There are 6 protein chains.
Amino acid sequence: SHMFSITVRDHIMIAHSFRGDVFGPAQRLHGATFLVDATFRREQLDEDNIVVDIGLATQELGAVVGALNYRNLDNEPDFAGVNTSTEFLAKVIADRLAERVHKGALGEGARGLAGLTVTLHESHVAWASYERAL
Amino acid sequence: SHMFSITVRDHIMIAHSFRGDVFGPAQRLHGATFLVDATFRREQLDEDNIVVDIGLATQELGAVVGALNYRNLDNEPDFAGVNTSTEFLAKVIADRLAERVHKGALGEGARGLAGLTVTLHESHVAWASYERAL
Amino acid sequence: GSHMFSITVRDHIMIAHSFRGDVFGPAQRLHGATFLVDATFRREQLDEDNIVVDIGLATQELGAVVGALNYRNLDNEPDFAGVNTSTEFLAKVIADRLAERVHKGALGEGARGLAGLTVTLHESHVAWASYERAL
Amino acid sequence: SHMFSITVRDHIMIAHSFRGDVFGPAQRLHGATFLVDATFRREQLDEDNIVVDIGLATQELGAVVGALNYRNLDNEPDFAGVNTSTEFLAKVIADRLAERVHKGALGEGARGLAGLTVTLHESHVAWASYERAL
Amino acid sequence: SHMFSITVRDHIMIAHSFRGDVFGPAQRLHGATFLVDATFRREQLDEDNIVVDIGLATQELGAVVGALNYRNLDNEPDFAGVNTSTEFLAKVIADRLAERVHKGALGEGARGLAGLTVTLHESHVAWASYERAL
Amino acid sequence: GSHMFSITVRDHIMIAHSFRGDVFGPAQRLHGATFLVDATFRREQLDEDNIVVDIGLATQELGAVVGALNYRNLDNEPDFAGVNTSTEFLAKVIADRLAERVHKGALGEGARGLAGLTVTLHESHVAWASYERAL
Ligand SMILES: [Cl-]
Ligand SMILES: [Cl-]
Ligand SMILES: [Cl-]
Ligand code: NA
Ligand code: NA
């Protein structure tokens, strides 16, 4: 079998705290920079010979993460009572991107994408990902 | 199940332009430095306890991308009329590497490889890949 | 499948070794390497704390695994007697040892629900290797 | 004596060729991706406790490199007869940034900057820089 | 003349907000992961043929940034009413390391250092530094 | 104090060594490292080709310098007997050898106009050292 992909990178800077003794000092209100990498995959190149319009990909990724950027996530109703771990946020961003694909925001071609992955890098030594089908 | 891999990195520096409104300013003649990462995978290590002869892997990758380096791909006969997107080129390189694996250029042990992936990095914020079986 | 979560943590080791076989050229001489060691843990559903694995335990257990290898000439390590300690070989060694720790509960009871592990070793800016397995 | 700085990163993708036997295969029309890092330095923080309006910094870097991006520099009258080496282009961008600072485009406070450095990365294995006082 | 240096990297994860129009959305409480690189310089290697005891360098850097880690800096008494910009924090960390050097915490040999630079990376596209003599 | 141009090229080596002195802890044992080797050449004015230095000659000569060090146990080298081959020490070794080659004309006659060089060795993702000198 075979598969093509493209990945584009953005980033966000947020505040949050975690619930649970397991988190140790991360129970305190702190924050992070996450590099946000969105990978789009598909089995065959589209009629422009690409996986997805990078302009739309970067735009739409920007639209998704723009709603999270420069925020204290502990105050965000969408996340009330939920630990906003790096892996959780990877899924949040993946799902919001997936909805934009389904809505045609990445072009009619992007309806033929097979899946996507969102990877968040919280430091030089830790990163998390969420992969899903489309 | 399980899988071993190794990856080696080379790079090329090219010019190209794209055909299609989708591309915006990339319709203009421009260029790219592509970091080219070739990943070779197999289920069991060979008789030397490796995935592939790394010297032959770098040699053969060097030979493949050497045909593209320092060129304007718009004027390359192999790509006449075709958009040489990052993802398209990743397949071109992967298939050329596979051809060399099947001709024995990466050693007889390389015929045991399960597959390969080629990843091209266009910048610090965009990259593409193609995966295939061997 | 439908989806997969993962987290990766990075450590590093600095070792000496040499290889057997003419295929290796100058690497037949005793030399060394810095390996960046990335351990990736993957699972289908987040645990009750909303994470893939307790990061504190993941880094501790990865630290303990690679600490046994660090600052050593692997050519004189009994565990690797007669074997080429290639980057890809070492990735499996580290992966398998991490797995053993997962299976003894050392990364938390939740870690028993992990789907798999990948270990990637980076020997330089231009060569890296990996091993992927199920748990 | 002490010094503060901040650095912001952008990138361009261009085509060019070089004149002279010294350049070997780079005498052919090809191209490159340059990561462009602009460093602004000052001896004392301004009244907002910063080196420079980072927003204006990232915007102004964007403006400057925007005039170069997605172009064959061989066709740019500004560079007629001149080798557009990585080090030369670092100077071009530094000089254009300097003029923007003088004109007030990075804010009145940016005239208190001591100097700047522009670094262009043409690959994972080569980069060039130009440093100048303001 | 000539100069030796060594650099060690640590990181912290913090929350903060800024005061001032210039900051735009960064006036909201957010956060950052800062990669913290401490550079120690000297003219001649010490008796062990090094710039500084790297164990003590990392230990002392660890102690300095450990007092900042996992905190909302807006609520830290040390920074009350002050914008905790990347560049300002670089100086805070440099000065705290200098104090430790002068009390002998990096070894008696470290009293021979010429200077320090601390660089904080807020993302893949923005970083700041502060340089001082010892 | 007006301005300065520079170019940097990257190579790497993979070596074994040990350190002498209790200060070094486990690094007193024979181990190894991958050093990414960055050579920076600086000058005030571009040459007649509009460059800092012939990049082909810079990479060739850096490659020649590091090649003499590569895939070796540096503990065995007579020139380094009695000397801890720390990252910072090796940066100067490489810088001094590059300087010799500049001064012999091996990087082109233009390179005689260089103001200086810096060599930076990266031993891991979290430690690096440099040596800066005039030419
Ligand atoms: Cl939760
Ligand atoms: Cl096409
Ligand atoms: Cl302030
Ligand atoms: Na709390
Ligand atoms: Na579909």
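Only heavy atoms go into these numbers, but all of them, side chains included; no hydrogens, no water, no symmetry mates. Below, chains carry the letters A, B, ... as their sequence lines are ordered, and counting in each starts from 1.
- With a 4.5 Å cut-off on non-hydrogen atoms, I50(E) touches chain F through its backbone and its side chain both.
- The two residues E88(F) and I6(E) have their closest heavy-atom pair at OE1-CD1, 3.9 Å.
- Contact annotation for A127(F): both backbone and side-chain heavy atoms come within less than 4.5 Å of a heavy atom of chain E.
- Here the straight-line distance linking atom CZ of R41(E) with atom OG of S130(F) works out to 7.0 Å at 0.5 Å rounding.
- By the 4.5 Å heavy-atom criterion applied to side chains, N49(E) and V83(F) are counted as neighbours.
- In this structure, no portion of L35(E) lies under 4.5 Å from any heavy atom of chain F.
- Of the atoms belonging to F24(F), it is side-chain heavy atoms, and not backbone ones, that fall under 4.5 Å from chain E.
- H125(F) touches chain E through its backbone: at least one of N, CA, C or O sits under 4.5 Å from a heavy atom, while the side chain does not.
- Atom CZ of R111(E) has more than 12 neighbouring heavy atoms from other residues, nucleotides or ligands inside a 6.0 Å radius.
- No more than 12 heavy atoms of other residues, nucleotides or ligands lie within 6.0 Å of CG in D21(E), so this atom counts as exposed by the packing criterion.
- Across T39(E), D37(E), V8(E), a single residue satisfies side chain to side chain contact (heavy atoms under 4.5 Å, CB included) together with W128(F), and that is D37(E).
- Ranked by heavy-atom pairs under 4.5 Å with chain F, the first of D48(E), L45(E), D53(E), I54(E) is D48(E).
- Only the backbone of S1(E) comes within contact range of chain F, with heavy atoms under 4.5 Å apart.
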